[PDB]
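Two separate entries follow, structure 1 and structure 2, each one form of the same protein chain as structure tokens.
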Structure 1
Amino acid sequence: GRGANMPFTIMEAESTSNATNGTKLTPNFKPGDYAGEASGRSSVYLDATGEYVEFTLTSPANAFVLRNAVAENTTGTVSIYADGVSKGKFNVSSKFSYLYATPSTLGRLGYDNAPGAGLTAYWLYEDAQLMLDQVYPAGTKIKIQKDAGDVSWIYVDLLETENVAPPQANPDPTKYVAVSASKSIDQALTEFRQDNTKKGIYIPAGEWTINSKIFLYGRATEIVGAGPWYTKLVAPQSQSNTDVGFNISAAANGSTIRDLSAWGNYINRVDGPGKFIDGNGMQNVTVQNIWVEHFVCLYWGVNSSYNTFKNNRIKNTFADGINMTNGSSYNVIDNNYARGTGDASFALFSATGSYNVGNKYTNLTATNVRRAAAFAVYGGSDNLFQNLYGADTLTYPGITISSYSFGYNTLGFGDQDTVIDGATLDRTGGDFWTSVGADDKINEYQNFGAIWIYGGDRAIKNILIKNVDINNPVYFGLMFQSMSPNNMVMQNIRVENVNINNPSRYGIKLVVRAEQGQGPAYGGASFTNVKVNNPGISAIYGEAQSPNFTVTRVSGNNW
């Protein structure tokens, strides 16, 4: 792509191809800011009746997603036009946006939904979904316009466009028990469990309340919808933060959930509940072509292996998108799109079963990461992250590669490579933690590059980073750091075919003193065909001050 191959096209409002009579924001990297939090670090602000931004379709579309920001505690509309003719109204709302913290309490980002004395609003953008009753061809002018009766003001960030097929019917009424106006999901599953000729259930087009955790047991179960734009599982929207969705018991290993959407009612992060799918230790489960929003996570695996997450959309969650932990191995996380996760979009945390091994995170897109990294790998062995697109992180790297234990029982990285192969990282990095007494100090935070290679308290070894383009990172392209006093010697750390374009500070930073009591990196790394282009200060910082770290310039480096 790079990244996921999805049927929708993403178009930035602020593109120079888009006529507007509104206000185009100058980009910055600030959390809590309408530019800093936008895709592309810019939006078009519509602030008077008649103000518009005009998109042009590059593929046919009958359906649209408008990422936008409106005032706190408001709902309303903004208008959509096709070739100058009004065609409908988006339902725009800040119900799920505006999470409050302060610049020194970003650890609270996502947790606190109420405004208050001295609190700043973060996580300002949210989405509106709209289907029109015609497929408009490529080249159609799709205008977003603020008409009389629409909201008082709106920041227009991007538009998704999609040509959605008609809804798919029950594949076989004699094998899939249909949910209906008078037969609930639980009742259909009971009928399925008690009749061995059934393969599962079918959930038709419509809105279907999920006010409970729905348990899958008995045997492997198929749950099939009509398509994610059509079958909508809806948490009770007059409630907040209810733990609903599916929980897959061991008897239902081998199950499949596909072709539907799930619309949670979380308005802030809660740690414990809130994963749309629970399945601790689950095996051979397939989750395919589902679209999930407003949960804490899609899935948090614990010794969960041989599972497949494919073709999914994970948007506007309050923590991680998918995390696989504590022995989770041989999983296929392929061709998924995440935007607006509230913690790491796609993550792998290896812990004791020795390591998480054999996982393949492929063809993944993670953008507008509202906290933490787009992609996070903590230890493990023989795990592949391939064909990635990451962009617009609020507080942390595009990719974190870390051997810090967080107090859990883990061995760090193992004896087979953890591979990042093929990645584009646009405007990644950010500020987090504190930097009291730090070297190379520019603000009150620690400062994170597009890729952070962090040796923690466990072994840091066998890391291969290749075929990566890092464009306009907030601060640095590659950032290497060793936790003191552990000073774990980094071994077999190799970087190949990497372009680092326009980093504001350095192409490569070897962290010398992250904060009081911390020192420089231990071990070394090899660089082949690594280009640093137009760094703000210099190509590499820290080399002379890191006497325990050897930079090996194999060939092809311009620094």
Structure 2
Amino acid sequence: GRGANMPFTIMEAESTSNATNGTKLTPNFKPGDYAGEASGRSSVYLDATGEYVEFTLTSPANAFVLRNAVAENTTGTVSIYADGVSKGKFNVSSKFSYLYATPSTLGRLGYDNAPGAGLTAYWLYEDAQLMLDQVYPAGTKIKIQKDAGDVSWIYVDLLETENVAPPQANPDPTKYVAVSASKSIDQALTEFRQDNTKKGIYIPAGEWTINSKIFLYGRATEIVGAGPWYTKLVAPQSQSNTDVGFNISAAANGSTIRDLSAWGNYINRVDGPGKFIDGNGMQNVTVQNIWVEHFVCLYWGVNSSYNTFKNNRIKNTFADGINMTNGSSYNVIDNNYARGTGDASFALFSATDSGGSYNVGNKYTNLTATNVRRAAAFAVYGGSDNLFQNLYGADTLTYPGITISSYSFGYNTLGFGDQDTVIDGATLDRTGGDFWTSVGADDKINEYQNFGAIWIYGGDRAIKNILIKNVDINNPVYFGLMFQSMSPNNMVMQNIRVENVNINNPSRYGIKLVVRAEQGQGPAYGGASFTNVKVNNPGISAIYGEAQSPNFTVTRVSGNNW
């Protein structure tokens, strides 16, 4: 009931509703582990010819996405059956998975694709997409099976199913110049610009190369596809880390991109390039119903305002999904789905290194973000008057479900401003995790620093006016809520409120006031108010750190069972 409303249905392979003659992993929360990195922290291991997982369709489907893990540096197949009749072969491959690092060098996570001595493999799961020539009814038994000739072994994590409409044709051949076998995207855009009666271009079903950053200028431009399953923009797969996509300047304010998919060719993170859409001051641009993969980001906006991001799918990128800096204001990020982003899936960063003030007035609504391969599902870094509402986040590999931080990351930065940053209506399932190193740390349980479902981090910038309300935190890895001040700046927390929050079976505490994260770090400064904040069945205590935090005040307004 919370998050994005998407046309596809996700079914976990390990659900005991599904018959299998293979191996269900028992869950853990461990990076670089096939259960830890899986959706729902488990998957079904198919290991020998004839092993299968049998799903039952709850909704008709003609298209299927298998999130899976196969061996490093292999491509192959796994079989799919409909009611016991074999119907195709998924094309599975570890070409975009397996990024290498070390427990002590987790800052390199996402950047290094080559195996080497002493390196652990992370980011183990990738996706295979398959469309079948039949719409199958609900109640169909869809069997994922390892036949002779299929890959040696495979971890089956989940299957999304979708009933995909037929491809939409050119809305009007007189108003949209058509990409074709003889006409490239670039050429169609030239003809559009040069003929004032055209509203833009139509990209039809098929696979179209994008080896370029396509700049949209001149006037508001409409870029329309036949559907994400049918219109595929394809970065050249023979190459790697090719910066392609769209750049939308202010000349093309009011432009539209919709109903297509873009398949990148990145195999590791690169900082600078790699965004599918570049927003430099763009305004009133609508990005709608696109499906992006294997880019660094879907979108990175710079001082772009009044834009709409609606119904998109962001899967398997190497850094953020959607992020915005430099006074990017009054944008609507509504009804988007993210899975397997390589950094925070949905974020707002008030960086001012390009002459912009606060990110203000933005709305991040009906969002779903799972399997965050690094950092948080939702991250808010400074800003003012920004709303995060009706969110579902789950299975972060390393970090909180929600990060609220005034840390500059080394840039010219504004902290939180005069109006509340609000987080209203969130469900976070199995969020938090392990990252960085915990040398000299208090409350030390392992090699790493441990992160609660929600992290309130005072950095080197002001941290104030934060309202967290109507949040359900189910089985966090460690804590529900975690308050932490960076030393030595010791920025004081004012006007933090937590209302109607349930923390269900946190393994350690429901509330952790960080006392010494690291050598050189001290307790948190400021305070926070608590109303109807319920901690149910903690592992150790309901709240940790109160007595050791003399510079932090806990205001128990009412309703608190701790």
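Residue numbering: structure 1 sequence, from 1. We call the rigid core whatever largest set of C-alpha positions still superposes within 1.5 Å between the two forms.
- Here the rigid core is superposed between structures 1 and 2, and of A226, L464, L411, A128 the C-alpha of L411 is the only one to shift by 2 Å or more.
- Once the core is aligned between structures 1 and 2, the alpha carbon position of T528 differs by 1.1 Å; this is the C-alpha shift at that site.
- At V489, the distance the Cα travels between structures 1 and 2 is 2.0 Å after the core is superposed.
- Relative to the superposed core, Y176 has its Cα moved 0.2 Å between structures 1 and 2.
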